[PDB]
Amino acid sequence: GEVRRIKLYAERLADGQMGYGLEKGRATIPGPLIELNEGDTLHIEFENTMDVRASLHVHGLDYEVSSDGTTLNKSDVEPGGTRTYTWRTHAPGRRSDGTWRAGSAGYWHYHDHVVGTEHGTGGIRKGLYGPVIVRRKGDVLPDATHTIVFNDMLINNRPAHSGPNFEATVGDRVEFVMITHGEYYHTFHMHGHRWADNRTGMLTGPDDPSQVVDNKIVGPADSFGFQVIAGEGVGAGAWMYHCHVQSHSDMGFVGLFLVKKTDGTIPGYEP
């Protein structure tokens, strides 16, 4: 259980998007990946650099109403204002009542709750979302982590036929965090790969009856994640991921998981 501190800034981007960043003028969409171990406390020294009220609200983690990031709990930030948000986490364990307390561990996310509406509809639309992973002791750690956000009809707020693409090598342990926002349900599909429908996205062993899937229905504020061995049993290639709702996939919102051979090459593809 470390007590940890980061700085976070909400910025309006040149293009009129809105992003979180770890430093001024370094905002990204999605926002920076926050990673904590169960038991860790994080203090986020947040600065709203924008000319509108903005906030930081987190799913899954332990927070008091004063870190709700809502108008209801007097927890949003005035233009140019500052606020320290506090996120706590806990390990699982036996309560006195003999019950098992579930831990914080999982694939989570943070987003604005007051831009445009008192539910953050405008901030979320403009890019104020990012991933949070809470790890349990012993969890398997990846070679890389990639965050895919279905935000209305967009992926990571990109234009149609502009990715995002993620590169790996065959055999790499690659982690995906998959977050949904906005108005629409979606189905997330990845070619050539599959994962478990459980906390880690990985089967614990032969006694784990979790469905193994390559396609998952998601709605606004859903988060899940998984890890794959890149190209396992399928080889190097351009492995598309996309929404499987037919009108959505036809808008040209598709990304590629580019799995290269150890010589840096990939079977030829036509994007």
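We number the residues from 1 along the sequence you see.
Enquirer: Which is higher in the entry, the mean Cα B factor of 111-119 or that of 173-181?
Expert: Result: 111-119.
Enquirer: Between 236-244 and 54-62, which has the larger average Cα B-factor in the PDB entry?
Expert: Going by the record's values, the stretch with the higher mean is 54-62.
Enquirer: Highest CA temperature factor in the entry: which of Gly231, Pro209, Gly31, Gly69?
Expert: Max CA B-factor in the entry, restricted to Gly231, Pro209, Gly31, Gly69: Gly69.
Enquirer: Just to confirm, going by the entry's C-alpha B-factors, which of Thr49, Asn215, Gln227, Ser223 comes out highest?
Expert: It is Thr49.
Enquirer: Please say which third, lowest, middle or highest, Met18 falls into when its CA temperature factor is compared across its chain.
Expert: Middle third.
Enquirer: Relative to the other modelled residues in the chain, which third contains the C-alpha temperature factor of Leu154: lowest, middle or highest?
Expert: According to the entry, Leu154 has a C-alpha B-factor in the chain's middle third.
Enquirer: When the modelled residues of the chain are sorted by Cα temperature factor, does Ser162 land in the lowest, middle or highest third?
Expert: Highest third of the chain for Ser162's C-alpha B-factor.
Enquirer: Against its chain's modelled residues, does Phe188's Cα B factor rank lowest, middle or highest third?
Expert: Lowest third.
Enquirer: Quick check for you: using the entry's CA B-factors within this chain, is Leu36 in the lowest, middle or highest third?
Expert: Middle third, going by the recorded CA B-factors of the chain.
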